[PDB]
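Please read the structure below before turning to the comments.
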Amino acid sequence: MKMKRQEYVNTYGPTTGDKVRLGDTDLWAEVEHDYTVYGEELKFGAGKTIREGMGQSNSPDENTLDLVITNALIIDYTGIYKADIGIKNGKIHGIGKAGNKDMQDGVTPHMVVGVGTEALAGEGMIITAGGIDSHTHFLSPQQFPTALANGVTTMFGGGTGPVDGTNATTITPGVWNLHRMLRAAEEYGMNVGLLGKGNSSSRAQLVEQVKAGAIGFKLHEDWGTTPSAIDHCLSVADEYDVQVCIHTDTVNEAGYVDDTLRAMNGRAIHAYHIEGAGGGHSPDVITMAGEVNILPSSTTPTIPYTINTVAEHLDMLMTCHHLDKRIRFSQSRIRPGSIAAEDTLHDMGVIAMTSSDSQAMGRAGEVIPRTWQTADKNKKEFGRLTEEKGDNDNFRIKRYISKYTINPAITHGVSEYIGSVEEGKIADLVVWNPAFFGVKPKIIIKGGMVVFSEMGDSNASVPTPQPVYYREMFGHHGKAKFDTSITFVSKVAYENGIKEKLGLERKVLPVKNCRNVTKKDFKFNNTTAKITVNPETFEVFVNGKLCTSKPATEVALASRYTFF
Amino acid sequence: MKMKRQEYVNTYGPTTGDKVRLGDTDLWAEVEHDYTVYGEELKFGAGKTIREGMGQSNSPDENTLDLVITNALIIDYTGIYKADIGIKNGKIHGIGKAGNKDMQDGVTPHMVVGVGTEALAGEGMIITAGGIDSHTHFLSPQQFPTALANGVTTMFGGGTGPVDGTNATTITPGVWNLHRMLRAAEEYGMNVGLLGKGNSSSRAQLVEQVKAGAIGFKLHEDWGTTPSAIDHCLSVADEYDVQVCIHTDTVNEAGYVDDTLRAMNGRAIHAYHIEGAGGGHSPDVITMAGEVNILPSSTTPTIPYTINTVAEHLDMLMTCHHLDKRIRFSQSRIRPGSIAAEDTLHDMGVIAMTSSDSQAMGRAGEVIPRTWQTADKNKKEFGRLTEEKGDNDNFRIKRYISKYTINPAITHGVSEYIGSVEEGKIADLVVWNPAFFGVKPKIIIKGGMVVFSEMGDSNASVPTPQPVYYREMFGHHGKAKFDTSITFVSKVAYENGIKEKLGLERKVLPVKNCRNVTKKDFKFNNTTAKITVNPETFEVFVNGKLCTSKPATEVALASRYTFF
Amino acid sequence: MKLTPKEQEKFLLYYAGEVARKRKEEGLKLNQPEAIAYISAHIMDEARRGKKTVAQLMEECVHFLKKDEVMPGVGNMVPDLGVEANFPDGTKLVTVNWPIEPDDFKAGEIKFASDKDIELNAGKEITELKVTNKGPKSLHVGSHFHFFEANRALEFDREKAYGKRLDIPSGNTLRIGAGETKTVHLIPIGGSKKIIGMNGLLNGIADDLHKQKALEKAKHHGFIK
Amino acid sequence: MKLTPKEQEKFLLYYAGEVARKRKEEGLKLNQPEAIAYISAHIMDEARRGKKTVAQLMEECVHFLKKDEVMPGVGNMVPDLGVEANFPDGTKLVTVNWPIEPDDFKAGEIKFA
Ligand SMILES: [Fe+3]
Ligand SMILES: [Fe+3]
Ligand SMILES: [Fe+3]
Ligand SMILES: [Fe+3]
C-alpha cells in the first residue's frame, strides 16, 4: 500500500535521503541508509506491531533482546543511518532490523524481539554514543549530574576534591589518595578513570601510582613540567601501557615548546588545552598540534570564539591561578590569534578532541553544546565542507561527533568497550529529540539501563507534566549502579585484583593500547601540518597560510534553550 | 477519682463511644472498645507514667517491647478501637494495655514496657496499616518519596524506567531486566514486588521470569492480550503460585469481554482499572467486576467522579498512548456511564481495591486521599450505610480502608506479613492526626522503625518550627533500610536462593496463596452481582438496576491542605 | 505546612513562571523554558481561583503566547504542554495543544528526499475481502494480527484470510464499526508464516497441509459459522 | 522545561537576589549573602537582555553597592565576585573586583607585630 511521505515520517521517523536539522544549528544530517523493510517497521502500543505472536516472537531464541530501540537515527563516526538497535546483557547486541522472523521479512538474525524484550520508541529521535570527558578535575561530586544532563557518560581526570592541587590539576596523587577516590567512585553513575602525578624525576613514585589503579599520569606545570619529568613519566607509561596528559611549561622556565617536544621523543601524549589559554608555553604551545605523536584536545571556554571570549579570560585566569591585582596586556595580544585559529583547526581535523577543564578554567555540562556551536560557527563562516557529498553536512558531523565520543576513547585505551554505536560495545547511549540535539538530551542509557533522563511531576498522571527536569533513574541506584558503571584501572592493577583488594563492587576494566595511538589512529581528525606562530603578531600559520576565524556575536544551542 | 470528660479526651484521646471526624470529610469513626483501665493509662514525660519502677518495669521480661504506641485509635478492617500498640523485633508484638504488672492493673501479659522500650505518644492520633499500591509503573524512583508522603509502604508493579514499554505497562520483562530491577530496589525504603511479561503463548519465556524473581505477571494489551496469552499465562501462574494482572483487549480484536472471561476459565486474576478509562474492552470491561474469580481494582484518575474527570481524560489518554491530533467523541459517550457507576460499585463493595497507575494514567501520591474522597462523596450522596450500627460510619470506613491495605495484600500473597494492624504481622504502620486523616500523615513506621515523617527546621530548637515538610528518617538509611524493607519474590526464586545469588541485603520474602483467592476471600468487599452495559447508551447496570452517581463539584481532603 | 515532594516541585515551576512574566513585562521575547513556565503559572493561578473548568482552560490556553511574544522556533518546539493543578474537585491534568503560536523557523526540521509516497509491503499479492461486523460493539484489527483469527463477530470468507494480514502501515489498526461492512486488502504474512498464539486456531506454519485442520478448529470454535 | 541541576541552582541565586532587592527597597543595610545575591541577580538580568558585553559588566559592577547600602565590613568580606550567565554568545563568566565598596571595619583583620 501507498503511504503519504509526511505520514510515514510522522509514524516512523526519517528514511533514506531525508535531511535532519541538528537543533537550531545550520548542520544537516542526511539518512545514508535505512535497514528496514517498508511495511515491517516495529511500532509499540495498543494494536501495534510489538505484540505476542506478531512483531514479538513466541519462539524462544538465544538472541532475545533485553531492549529494542525501534526506528532510531544513529549519528556516529560509523555513519548517519536509520536502524533498530538491540541491547542484550548491557551491550549493543545488534544493529539492523529487529522483530519476529516467524511473521516478518528481513529480520536481522540476532535481533529477536521476544517475551523478555523491553521497548523504547526511537522513531524520530537521534541516538548517539555517550560522551567521554577526558579533562575532569574531580573537584565536586555535583559535576556528575551536570555532566549526565549534557550527554556525558565517562569522565577521565583526577582530584581529591576542593583542594588547591585539584583546583589546578587533574591529579589524584599517590597510593592512598588513589585508593580513597576509587572507593569514593562507587557512589556514582558516571564511568571514571583516575590520573596520578606524572611530575617526577624518579621511577618508584610513578610505578606505585599505576599499581594503585591509575589509568595514566598528568604532567602539570604546577608540579613542574620539566624535560626530566616529561621523559621519566613517559618511560613508566610506556612500560605500563597507560596514557600521559600534559599542561606544558607556560613560562618557558626549563625550555621552549621544541624542548618539550624533544623530551617527549615521539611518544604518545594527550595535550590538554592545545590553544594555550588554559595553559602552556606562551605563545607557541598550539604549534604542537601539527605533530603526529601529539593527541590534542580543546577545553570549552575558548570554543567557539566569541566577542566575549577574550574579555572573560583576562579575569577568569586571575580567579583560577590566584593572581595579584597589580597584573593588568600580554594575553590581550597573544590570545586572539590562537583562540581564532583553534576553531579553524577543529574544522580542519587538526584538533581531535573536545574536553571540559571542569571548574578549573572550563565548564562540566558544556563539552557537547560547545562542540556543536563550533561546528555551526565554522559552517556559517567557511560554508559547507568540500569533503561533503550531497546536500548535507555528514562529514563535518562525523568529524565533530568523534571529538567527544570515539577519539577520547582511543586516546585513553577504552575504545574496545565504549566510544561508539557498534555491535559488541557496552550500551552507553544517549537519546535526543532533533530540536534539542547537542543541547538537551532525553534519555541516558548506561550498560543497557536508563540511568538518567528528563522527567516531569512525580505525582502526575503521565510522565510529561511540568516541571520537567533531569532526574536519576533506576540504573543509577541500588546495586544496579554497580552493574551499569565502570571504574577503569591500569592492566597491572586489574591483573593484581584491585577490584577485590579495594572491595569495589562496580565493573572494573583495564585500559589497554595507549602507547601506540598516533594522529593516524583517530576518526575524521587525522590532520598533521606545520603549525607556526609569529612571535610578534601572535598569528597562527598552517603550512605558511594564516589560520584564523572571526568571533561569533551569537551562538546556536544557547539562548533558545536556557533560562539563565 | 472523677475526671472531666473534656480533660480525659485532651490527655488520653477519645474513649468508647466517642466519634472522630476523618479529616474534613463527613465520615465519623466511633471508638468501638477501649482496652485500658481508667487511671492506669500510659503517658510519657517528666513526672508522667512511663518512669523507672512505675509505668516502666524494673523486672526483666522476655516480652519487653522495643516501642510502645500509647493510647492509639486503631482504624483497620479488624475494628475501630482504642489500645496501646507494642512493637518488638520489627513486628506488632501485642495490642491491648501496655505497662508494668508490678505496679498496674489490667496489663496485657506480652506488653511489657521496660528499660529497652522507646515511647511514641499516640494519644489523639489515628494508627492505620501502611498502604499497598498493587498498580505501580516503575518509571521514576521519585515516585517512592511521593508514595511514602501519602501513607503507602508497599508497591507492586513493573518497569525498567522511562522507556515506552513501562510508560504504558507494569512489566519488568525477562531475566536480565528482573535481576537489574531487584538489585536497583536495594536503594529504597519502599517494599517492592515485580511483575514480568505475561503476554506469551509459550511456557519457557514465562517460567524464566518467575524463576528470575517475579511475584507474578502482567497481561497488557500493548504486548497483545489475546485468549491464547491469557490461558498460557494463567497456566504458569497456577503452577508457580503467583498473581496475574490484566489490561484487556480494548479494541475487541481477538474477542469481546465474555471471550476474555472464558479464556480465564474461573482462575484467579487481578483486573486493573476495572472501569475501563485506564484501558480494556470498550465499552464492557466493567462487567467483569460481578464475577467471583475476578479480583477488581480501580485507578486514581476516575475516583471520585468529578465535573472535570471526563474533560481531563479526553486528552490524558492522548499524551499516554501518543495519539494523532486528527482524533477528536466515543470516550465522551462511553466514559460518563462507567466513571459514575464505578464510585457506586466501590460503596457497594463490588470493586475491592484502589491502586494508582502511577505516571501512566494515574497519580502516585493519591491512592489514600482519593479513596477517602470517594467514601465521603458517596456518604454525602447515598447517606449513612444501612449496615451501620450506631451514629457512626465504621462499616463504610472498614470497607474503604480494606481497599488499599488488606485486599491488595490478599490478592498478591503477602497478607501473612503485611496489610493490617494485627499481632504477628510486620510493623508497617502510619500515624495520622485526625484533622489530616487520609491527606497528610505524621509518621511512617516500617519494620518497627520510623522511615519517613513530617519534619521542621533541621537547625531549630524543637522539631515543630517552619518549614515543616516530608523527610527520610533513620530507618530509610544506611544498613537499617535492609532491616526495614522487603523485596517480595516467587517461592521458586526464594527457595532457590535469589537473595544470595543476586547479593540482595534487603529482607527477601516469598509471595504465597495467590491462586485460590476469590471475591469471598476479601474483607468488606465480597459483593458479586450481574453487571451489564447497554452497548447503545453505555449505562452500567447492577442486577438490572442502573448503576450511577452524580459528579462532584468539590472534594474533601484537597483545597484546605494543598498549596498547588 | 507538611510540604510533599510534588509541592516543592510546583514552587520552582511557579517561580520560573514569575521570572518569565517579569521578562515579558521588560519586553523580551521568551525562550522555550520561559514560555512553558509562563503558561504553567497561568494555569496554576486559574486552578486556585477555582472558577474555570479543565475544559475552559484547555481552550483558553491555545496560542496563549503569540509568535512575536516568543523567540523564533519556540512554538514548534512546544506542540503541547501538560500541567497538573489542584482544583476545588482535586488535582486535575490541564492538557494544552499548541500553547505557543508557531512561526516559519523549526529546530530539528526534517527535509524530505522526495514528496513521493512510500510503497509499503512492495510486491506482496493483495486479496480483496468483504468483512461485516455482525457484533453489537465496534472492533479494530492490527497490521500484523493473523486476520483468519479475528473476533468471531466479524463475518468474512475465513478460508481466503488464512495465512494473511492487513496491507496497512505497521502499527496501524483497521476499524469495523458495529454493523459496518468494509472491503479489506490482505497480504500474505512475512517470514516463515509460523503463526503461534492469538486464538490458537493455527499454532504452526500457515501451509496447505495445516489448512484443513485450521478450518476445522475455526468452525469448532465458532469463527466459521 | 528540561531543567538542568545548574539551572535549579541559578533559580535559588536569583530568588535570593530578589529578596535582597526587596530588603534594600525597605531601606535595610544588606549583609554578606544579601549583597552577593543582589549583584549576582543584576548580572543575570543584564546578560539576558543581551545588550552588554562581559567587559562592560565587569567595569559597571565595581562598587555596585556603596558602603552605606551594606552593613559594616561587608565590602572587605567580598573582595571579588564571580557569576556565570547565559549571553547571546553562550554562558560566560562575569568577574567583578571590589563589587561592594569597603568601609574601615574588617572582620578577620590581621594586625602586624
Ligand atoms: Fe591545565
Ligand atoms: Fe585543567
Ligand atoms: Fe493499564
Ligand atoms: Fe497501568
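Residue numbers (the authors' numbering), protein chains in the order written: chain C, 1 to 328, 333 to 568; chain I, 1 to 328, 333 to 568; chain A, 1 to 225; chain D, 1 to 113. Where is the CB? At the ideal position from N, CA and C, for every residue including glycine.
Residue contact check for D:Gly90 against chain C: a CB pair falls below 8 Å.
Residue-level contact check: A:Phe87 touches chain I, since one or more beta carbons of chain I fall below 8 Å from its beta carbon.
Residue environment for C:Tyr8: buried (at least 16 other C-beta atoms within 10 angstroms of its C-beta). By the beta-carbon neighbour count (other beta carbons within 10 angstroms, threshold 16), C:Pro539 is exposed. DSSP places I:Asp395 outside both helix and strand once states are collapsed to three, so it counts as coil. Among the residues of chain A, none has a CB under 7 Å from the CB of C:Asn63; the nearest is roughly 15 Å distant. For C:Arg183, same chain residues with a beta-carbon under 8 Å away, outside a window of 5 residues either side, are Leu506, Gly507 and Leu508 in chain order. When distances are taken from the beta-carbon of C:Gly198 to the heavy atoms of ligand 1, even the shortest one reaches 7 Å or more. In the three-state DSSP reduction, A:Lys164 falls in the strand class (E or B).
For C:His321, the shortest C-beta to heavy atom distance toward ligand 1 is 7 Å or greater. I:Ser297 and I:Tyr272 have their alpha carbons spaced roughly 5 Å apart. Look at I:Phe144 here: in three-state DSSP terms it is helix. Between C:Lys527 and C:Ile410, the C-beta gap is smaller than 8 Å, which places the two residues in contact. Residue-level contact check: A:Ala107 does not touch chain I, since none of the beta carbons of chain I fall below 8 Å from its beta carbon. Relative to ligand 2, I:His481 has its C-beta separated by 7 Å or more from all heavy atoms.
C:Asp361 has its CB no nearer than 7 Å to any heavy atom of ligand 3. Annotated as proximal: C:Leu27 and C:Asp380, with beta-carbon spacing under 8 Å. Counting only Cβ-Cβ distances below 9 Å, D:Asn97 has contacts in chain C at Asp315, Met318 and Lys325, in chain order.
The three-state secondary structure of C:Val152, taken from DSSP, is strand. Within 7 Å of the C-beta of I:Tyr77 there is not a single heavy atom belonging to ligand 3.
Separation of the CB atoms of C:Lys218 and C:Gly158 is rounded to 6 Å, and the pair is thereby assigned contact status at 8 Å. Apart from sequence neighbours up to five positions away, the residues of its chain that approach I:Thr49 with a beta-carbon distance below 6 Å are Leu42, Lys43 and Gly55, ordered along the chain. Beta-bridge analysis with DSSP links I:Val512 to I:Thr491. D:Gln32 sits in a helix when the DSSP states are folded into three classes. For D:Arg48, at least one C-beta of chain A is nearer than 8 Å to its own C-beta. Between A:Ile100 and chain D, the shortest Cβ-Cβ separation is not below 8 Å. I:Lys524 sits in a helix when the DSSP states are folded into three classes. Going by DSSP, D:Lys66 is part of no alpha helix (DSSP H) at all; its letter is neither H nor E. Positions of the alpha helix (DSSP H) runs, each at least 4 residues long and wholly inside the segment 235–278 of chain C, are given as 257–264 in order along the chain. For ligand 3, no non-hydrogen atom lies closer than 7 Å to the CB of C:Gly45. Contact between A:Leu186 and A:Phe147 is confirmed by a C-beta separation of about 6 Å, below the 8 Å threshold. With its beta carbon less than 8 Å from one in chain A, C:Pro14 belongs to the interface.
In this structure, C:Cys233 lies near C:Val244, with their beta-carbon atoms less than 8 Å apart.
At a cut-off of 8 Å between beta-carbon atoms, I:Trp176 makes contact with chain C. Listed by position along chain A, the residues whose Cβ is nearer than 9 Å to that of I:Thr415 form an empty set, because the closest Cβ is around 26 Å away.
Considering only beta carbons, the part of the segment 24–58 of chain D lying closer than 8 Å to chain A consists of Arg48 and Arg49, in chain order.
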